[PDB]
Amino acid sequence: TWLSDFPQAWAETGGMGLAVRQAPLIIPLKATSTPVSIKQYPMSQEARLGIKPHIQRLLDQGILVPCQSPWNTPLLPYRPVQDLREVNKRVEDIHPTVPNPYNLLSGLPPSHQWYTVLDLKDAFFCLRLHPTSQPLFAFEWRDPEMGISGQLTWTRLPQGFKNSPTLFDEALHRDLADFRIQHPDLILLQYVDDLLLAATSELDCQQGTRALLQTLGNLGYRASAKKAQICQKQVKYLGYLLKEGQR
């Protein structure tokens, strides 16, 4: 089956991803920015116990590390959500290169009606952050019944950061450039972590999907085996139902 043939490509069997070909990202600040340190709002025990196993898993994975940083933004409550709005304001803008889904789907011709849809799991976390940029994203973590108060920060591209979708989309485009060159018959649409492969025949779509999964896993990305729509005539992609070249 598809799960056994590509253990590296699926998040279920391949471990947390890491885009090994992508250099750790440096995040340039605006010309006048200085660090901002926002105090952590006290959070209830209920919220803290809910967040704690997530933080611990991220620490175990090396996605969070301890730090001391002049930057600090608050965590809110369960799973942690960081309010990065004051960091976002101080980070230099980049051109938005992610196409809107309407325009992205215009590149889907009627000759290609066999579809494979993959969604990458924990996509942003596959991209490393350069150590010089890690302090930007620090937050406070308290363990009252352990007695650890200090900051943690991210070693990977974080959720809530304004440039994460664009930086991820650009990174994956670099990493799939050769796949496109090696498979000029296939149509590959990329929308951040949502991928559509289109082919002429079931065999072609089958062979391309095998190549794409092999490529994604080798590069360090991980797709959701549970959500994958593999070699179907009808798929759901980006909120559309793709059927008979329609929509």
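Numbers for residues come from their place in the sequence shown, where the first is 1.
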Check whether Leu167 has no coordinates in at least a third of the other compared PDB entries of this protein, counting only entries that model residues on both sides of it. no
For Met146, does the count of other compared entries lacking it reach at least a third? yes
Interresidue gap class [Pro101, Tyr102; deposited sequence, unmodelled]: none
Of 168-176 and 112-120, the stretch with the higher mean C-alpha B-factor in the deposited entry is 112-120
Mean B factor on CA atoms, stretches 65-73 and 209-217, record says higher is 209-217
Just grab whichever of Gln159, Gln134, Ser149, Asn163 has the top CA B-factor as deposited. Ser149
Among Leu203, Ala31, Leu195, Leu59, the highest C-alpha B-factor in the PDB entry belongs to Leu203
Using the B-factors in the PDB entry, rank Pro184's C-alpha atom against the chain and give the third, lowest, middle or highest. highest
The third of the chain into which the C-alpha temperature factor of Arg142 falls is the highest
Third of the chain's Cα B-factor distribution that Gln82 belongs to, per the entry: lowest
What third of its chain, lowest, middle or highest, does the C-alpha temperature factor of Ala199 fall into? highest
Going by the CA temperature factor in the PDB record, which third of the chain does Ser224 belong to: lowest, middle or highest? middle
